[PDB]
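**Student:** Sharing a structure here in structure tokens format.
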Amino acid sequence: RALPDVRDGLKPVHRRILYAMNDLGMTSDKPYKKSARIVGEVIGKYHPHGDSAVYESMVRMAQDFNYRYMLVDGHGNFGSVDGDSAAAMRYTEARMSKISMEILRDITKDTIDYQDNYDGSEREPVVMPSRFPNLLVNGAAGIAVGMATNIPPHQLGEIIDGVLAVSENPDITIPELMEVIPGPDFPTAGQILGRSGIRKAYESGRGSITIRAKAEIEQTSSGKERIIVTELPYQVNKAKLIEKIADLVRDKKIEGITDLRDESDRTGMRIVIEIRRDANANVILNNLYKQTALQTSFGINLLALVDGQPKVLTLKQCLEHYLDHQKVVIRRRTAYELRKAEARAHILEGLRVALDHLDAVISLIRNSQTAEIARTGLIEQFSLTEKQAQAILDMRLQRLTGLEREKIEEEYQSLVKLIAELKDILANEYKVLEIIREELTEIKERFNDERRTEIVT
Amino acid sequence: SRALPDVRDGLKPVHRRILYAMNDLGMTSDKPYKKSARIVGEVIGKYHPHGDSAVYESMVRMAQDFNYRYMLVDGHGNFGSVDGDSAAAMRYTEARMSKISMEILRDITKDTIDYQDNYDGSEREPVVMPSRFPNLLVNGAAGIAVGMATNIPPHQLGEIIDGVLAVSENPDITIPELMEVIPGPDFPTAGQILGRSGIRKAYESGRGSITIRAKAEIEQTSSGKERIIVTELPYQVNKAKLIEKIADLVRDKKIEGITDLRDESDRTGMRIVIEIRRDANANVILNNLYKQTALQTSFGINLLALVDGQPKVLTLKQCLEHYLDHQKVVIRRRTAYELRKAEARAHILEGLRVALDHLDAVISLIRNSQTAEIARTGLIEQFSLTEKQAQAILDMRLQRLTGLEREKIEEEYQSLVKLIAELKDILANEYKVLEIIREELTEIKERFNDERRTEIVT
Ligand SMILES: [K+]
Ligand SMILES: [K+]
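Structure representation (structure tokens):
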């Protein structure tokens, strides 16, 4: 509906793009492939809306200034903070980022339900396993005519610790939670102005906050002062802001600005505003803050798709729905692991029946004209599956060494303890909760960076 | 290195690098055309760092029907024409190997040719192709290096092969005996060679001059009007600039009697029509033309190539001989490699036959062994096997023990003993090797041969 699912935090388009990229092998390890490919694939098979929408969607997940943790690894010009747009899809290259690899984890293991695509030809997921909490981390900035969400990004470490927090204490209160998730954290750092707007948004669902650029004031040995901006409010166009300020000084609305020069580069942003040796830098800085987009309003609205219905939600509610999602995902995946494991244990019993009547099995195979004849032979003389028989036949002779037979019994017994343990994990919810904690902690310790936005009190 | 062809495969270095690079990247005769830029890039980065100009124009020349007697490169796009228009930029053309150059590369995988390091010791390029048909005589060579200039003209594939076999059978064959087989050159642009004498000097000595001539014949209108029609022109002569030259020659009034000049050349081929007023004999005018323009030209033959990396001027028979020595070397190395392979696989099979033969004992030895290491030294000492064979026995899946599989092993081993036999014999008996070369070369002739285009008038 434009609105993201609460469980994986993806609009239709993003979920499709990702799924295709992962179908077409465009993963984090594998090399890049031309955008045009992932786009046309998606257009044809899952999301029929045009190079326009699909490409721009893909691109947006590649942009470090739009995503707190970019899902799409992009190579080439995927546009910039100054507003220039990306190069044509014939000229770019793309793949899944290391982190989105987590969004797709365990999708093979029967953890999500698939549905038919537009024409009934293929299949797409209805939700990704989404092994780290994507909605709160990366956001939702989609504004449409009926319902327009606007969920700001958050430091990944924070959100994880908060989901864990709600795990251990289901009746946490919004403020107790806020000591873990102190507020948003923009891919372009800033300063958020008040704790109040944040609190209002997390408790209620909707509410407004003030984001603000990071500007210091360097001072020369002769006491001349320069203002230097190194960060801007999430989603302000640097180029348009510079033209704006330049414009005000030209109109004579701000008095005391000498030159305004952009010195940003590979080493980072650096807008430099010069001030007459007379005027008070500070003041000028505040009148900039008030006049331009060096400081702006961000309107939070926590609206998303809860079971196919647009719902506004509180911080605790988002956390909880995500955690329910992980519970299904983990229970199911462990169903899968139980199946797998039981099956391999079956084969192992076979190889043990064999290793235990080795001589007779050997005489029987060597007195068998065909492999087929031998299989039906093993079946009938030892009470085995085709599965097991063919497993015997595929056994290299060095699997008959002492230490290898020991490694078989080792593995089999070990797999017995696993079938039983998995069975239990199905049966007891606390074990499943533990799995989520362990796995989320791995993800935190692998993908966690420092917090970019300093929230001022 | 040196801008001269190697006697064995007949390529300048640059050509040999373009072909090696192409075959290496899978731009073969079957597989789809690739962007020129890709092949030129690979060549410049890897083997021949001397500009996309030289490399791509080299690649272009090998693709033109009118320069190469038997085009080595299958091109696609605008590779030009005999009108002097150059090929279009490498961003605009695609290319691949031609069906005939697949023969230039045959057997290169099988240790038939040595490699050397490339210009920065990061890659390896061959020093010489296998060259399974005589490319130096067939396609020719031209160009200067270390002062000397080489100018070998193209030939008919049928003729050169028939000669190579001729030298194979009769190693004492003489240049006029040899000539009854190879009449003379055969240019891609068809037409006339005038002297049997010129050709003879050229083949017998190494250097010689030959006289090439346009194929012009005098037609007759029902009005008693005459008109010469040129359907063929001499090798390397520019059609455009000759129409030009004749325009000026008649315009300055250097030659008179000429009435009209039209280039009716089209899809059907060349038809240059020149009109004559009834006052003048078209024959005498034709002769003035041969004399004054490029309707008749001098071709300077000089059979200069690289024998062991040294420029030498060879006589026809020495060329044929040097090519035949190369191919003899090649078949010897190839069948040596095939034998290395064979002997190896048959070794392993000998191992497996030993194991199946005493099956029980081997099984029990393995299972009374603690490690694969322990088992390996076990079998080795017990049955006199190699590590290679022992390992191979340990790697044997159990279904290999079925009857049908033991039968398959015995069959492959059989086949293989037969093949090591035949191989060792080909090696020891040079007449067998010569036989191979005759068979293979005659298959190539059977598959690629065409009609002589240049008529040797006497
Ligand atoms: K403002
Ligand atoms: K002349």
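So the sequence lines, in the order shown, correspond to chains A and B. 33 is the number of the first residue of the first sequence in UniProt numbering; add one for each residue after it. 32 is the number of the first residue of the second sequence in UniProt numbering; add one for each residue after it. Even for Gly, the Cβ is constructed at its ideal location relative to N, Cα and C.
Any C-beta of chain A within less than 7 Å: which residues of the region 414-439 of chain B qualify?
**Tutor:** Those would be 424, 425, 426, 427, 428, 429, 430, 432, 433, 434, 435, in chain order.
**Student:** Can you give the Cα-Cα distance for residue 344 (chain A) and residue 216 (chain A), rounded to whole angstroms?
**Tutor:** Residue mapping note: residue 344 (chain A) aligns to position 312 of the first sequence, counting from 1. Residue mapping note: residue 216 (chain A) aligns to position 184 of the first sequence, counting from 1. In a straight line, the C-alpha of residue 344 (chain A) is about 18 Å away from that of residue 216 (chain A).
**Student:** Measure from the alpha carbon of residue 235 (chain B) to the alpha carbon of each residue in B:219, B:209, B:255, B:245, then state which is nearest.
**Tutor:** Translated into positions along the second sequence, residue 235 (chain B) becomes position 204. Minimum Cα distance to residue 235 (chain B) is reached at B:209.
**Student:** What are the start and end residues of the beta strand (DSSP E) that includes residue 13 (chain B)?
**Tutor:** There is simply no residue 13 (chain B) to check, as chain B begins at 32 and stops at 489 in what is shown.
**Student:** Should residue 402 (chain A) be flagged as near chain B, meaning a C-beta pair shorter than 8 Å?
**Tutor:** Sequence index remark: in the first sequence, residue 402 (chain A) carries index 370 (1-based). Cβ-Cβ to chain B under 8 Å: yes for residue 402 (chain A).
**Student:** Express the C-alpha separation of residue 349 (chain A) and residue 83 (chain A) in angstroms, rounding to a whole number.
**Tutor:** To locate residue 83 (chain A), count along the first sequence from 1; it is residue 51. To locate residue 349 (chain A), count along the first sequence from 1; it is residue 317. Their backbone Cα atoms lie some 36 Å apart in a straight line.
**Student:** Here's the rule I'm using: 16 or more other beta-carbon atoms within 10 Å means buried, otherwise exposed. How should residue 127 (chain B) be labelled?
**Tutor:** Stepping through the second sequence from its first residue, residue 127 (chain B) is reached at position 96. Buried.
**Student:** Run down chain A in chain order and give the residues with a C-beta less than 7 Å from the C-beta of residue 68 (chain B).
**Tutor:** In the second sequence, counting from the first residue as 1, residue 68 (chain B) sits at position 37. Chain A residues near residue 68 (chain B): none, gap ~15 Å exceeds 7 Å.
**Student:** Just jot down, in chain order, the residues whose CB lies closer than 7 Å to any heavy atom of ligand 1.
**Tutor:** Result: A:321, A:322, A:323, A:324, A:325, A:327, A:328.
**Student:** With 16 as the cutoff for other CB atoms within 10 Å, does residue 310 (chain B) come out buried or exposed?
**Tutor:** Sequence index remark: in the second sequence, residue 310 (chain B) carries index 279 (1-based). It is exposed - the Cβ of residue 310 (chain B) has fewer than 16 other Cβ atoms within 10 Å.
**Student:** Please list the terminal residues of the continuous alpha helix (DSSP H) segment that includes residue 333 (chain A).
**Tutor:** The count along the first sequence starts at 1 and reaches residue 333 (chain A) at position 301. Careful: residue 333 (chain A) lies outside any alpha helix (DSSP H), inside the beta strand (DSSP E) at 327-333.
**Student:** Mind listing which residues of the region 377-398 of chain B have their C-beta closer than 7 Å to chain A's C-betas, in chain order?
**Tutor:** From the region 377-398 of chain B, only 390, 394, 397, 398 have a Cβ closer than 7 Å to chain A.
**Student:** Step through the CB atoms of chain B and report whether any lies within less than 8 Å of the CB of residue 85 (chain A).
**Tutor:** Taking the first sequence and counting its residues from 1, one reaches residue 85 (chain A) at position 53. No, no contact with chain B.
**Student:** Would you kindly report the start and end of the unbroken alpha helix (DSSP H) that includes residue 357 (chain A)?
**Tutor:** Indexing the first sequence from 1 puts residue 357 (chain A) at position 325. Counting along the chain, the alpha helix (DSSP H) containing residue 357 (chain A) begins and ends at 347-388.
**Student:** For residue 189 (chain A), I'd like the list of residues in its chain whose CB is within less than 7 Å of its CB, leaving aside the five on either flank, ordered along the chain.
**Tutor:** Along the first sequence, one-based indexing puts residue 189 (chain A) at 157. Counting only Cβ-Cβ distances below 7 Å, and skipping sequence neighbours, we find 476, 480.
**Student:** Excluding sequence positions up to five away, which residues of its chain have a Cβ less than 8 Å from the Cβ of residue 138 (chain B)?
**Tutor:** Counting from 1 along the second sequence, the entry for residue 138 (chain B) is found at position 107. Within the same chain, residue 138 (chain B) has close Cβ partners 161, 163, 361, 365.
**Student:** I'd like to know whether the C-beta of residue 367 (chain A) is nearer than 8 Å to at least one C-beta of chain B.
**Tutor:** Translated into positions along the first sequence, residue 367 (chain A) becomes position 335. Closer than 8 Å: no.
**Student:** Taking just the CA atoms, how far does residue 369 (chain B) sit from residue 338 (chain B)?
**Tutor:** Working through the second sequence from its first residue, we reach residue 338 (chain B) at position 307. Working through the second sequence from its first residue, we reach residue 369 (chain B) at position 338. Spanning the two alpha carbons is a distance of roughly 28 Å.
**Student:** Whole angstroms is fine: what's the gap from residue 448 (chain A)'s alpha carbon to residue 64 (chain A)'s?
**Tutor:** Residue numbering aside, residue 448 (chain A) sits at position 416 when the first sequence is read from its first letter. Residue numbering aside, residue 64 (chain A) sits at position 32 when the first sequence is read from its first letter. Roughly 42 Å between the two C-alpha positions.
**Student:** Counting C-beta neighbours from all protein chains within 10 Å, is the total for residue 492 (chain A) 16 or more, i.e. buried, or is it exposed?
**Tutor:** For chain A, the structure presents residues 33 to 489; residue 492 (chain A) sits outside this window and is missing.
**Student:** If you run the structure through DSSP and keep just helix, strand and coil, what is residue 418 (chain B)?
**Tutor:** Looking up residue 418 (chain B) in the second sequence gives position 387. In the structure shown, residue 418 (chain B) sits in a helix (DSSP, three-state: H, G or I).
**Student:** Under a three-way DSSP split, which group does residue 338 (chain A) fall into?
**Tutor:** In the first sequence, counting from the first residue as 1, residue 338 (chain A) sits at position 306. It is coil, neither helix nor strand.
**Student:** Please identify the residue among B:346, B:166, B:336 whose C-alpha is closest to the C-alpha of residue 133 (chain B).
**Tutor:** Here residue 133 (chain B) refers to the residue found at position 102 when the second sequence is read from its first residue. Nearest C-alpha to residue 133 (chain B): B:166.
**Student:** Which residue or residues does DSSP assign as beta-bridge partners of residue 277 (chain B)?
**Tutor:** Counted from its first residue, the second sequence places residue 277 (chain B) at position 246. Its beta-bridge partners do not exist; DSSP assigns none.
**Student:** With a threshold of 8 Å between beta-carbons, can residue 120 (chain A) be considered close to chain B, or not?
**Tutor:** In the first sequence, the residue the question calls residue 120 (chain A) occupies position 88. No, no contact with chain B.
**Student:** Tell whether a beta-carbon distance below 8 Å holds between residue 246 (chain B) and residue 262 (chain B).
**Tutor:** The residue given as residue 246 (chain B) occupies position 215 in the second sequence. The residue given as residue 262 (chain B) occupies position 231 in the second sequence. Yes, the pair counts as a contact, with Cβ atoms nearer than the cut-off.
**Student:** I'd like to know whether the C-beta of residue 406 (chain B) is nearer than 8 Å to at least one C-beta of chain A.
**Tutor:** If you number the second sequence from 1, residue 406 (chain B) lands on position 375. Chain A contact via Cβ: present.
**Student:** Among A:376, A:373, A:424, A:466, which has the Cα closest to the Cα of residue 389 (chain A)?
**Tutor:** Counting from one through the first sequence, the residue named residue 389 (chain A) turns up at place 357. Here the closest residue by C-alpha is A:424.
**Student:** So what does residue 105 (chain A) bridge to, in DSSP terms?
**Tutor:** Walking along the first sequence from the start, residue 105 (chain A) turns up at place 73. Paired residue(s): A:127.
**Student:** Can you grab the Cα-Cα spacing for the pair residue 218 (chain A) / residue 265 (chain A), in whole Å?
**Tutor:** Looking up residue 218 (chain A) in the first sequence gives position 186. Looking up residue 265 (chain A) in the first sequence gives position 233. Taking the straight line from one Cα to the other gives about 8 Å.
**Student:** Would residue 197 (chain A) pass as a contact of residue 34 (chain A) if the rule is Cβ separation under 8 Å?
**Tutor:** Counting from 1 along the first sequence, the entry for residue 197 (chain A) is found at position 165. Counting from 1 along the first sequence, the entry for residue 34 (chain A) is found at position 2. Going by C-beta atoms, residue 197 (chain A) is not nearer than 8 Å to residue 34 (chain A).
**Student:** Can you tell me which residues form a DSSP beta bridge with residue 147 (chain A)?
**Tutor:** One-based indexing of the first sequence puts residue 147 (chain A) at position 115. Answer is A:156, bridged to residue 147 (chain A).
**Student:** At the level of alpha carbons, what is the spacing between residue 199 (chain B) and residue 473 (chain B)?
**Tutor:** By 1-based counting over the second sequence, the position of residue 199 (chain B) is 168. By 1-based counting over the second sequence, the position of residue 473 (chain B) is 442. Cα to Cα, the separation comes out at about 13 Å.
**Student:** Rounding to the nearest angstrom, what Cα-Cα distance links residue 98 (chain A) and residue 255 (chain A) in this structure?
**Tutor:** Position 66 of the first sequence holds residue 98 (chain A). Position 223 of the first sequence holds residue 255 (chain A). Computed Cα separation, rounded: 38 Å.
**Student:** Taking the alpha carbon of residue 434 (chain B) as the reference point, which residue from A:420, A:466, A:394 has its own alpha carbon closest?
**Tutor:** Taking the second sequence and counting its residues from 1, one reaches residue 434 (chain B) at position 403. With distances taken between Cα atoms, residue 434 (chain B) lies closest to A:394.
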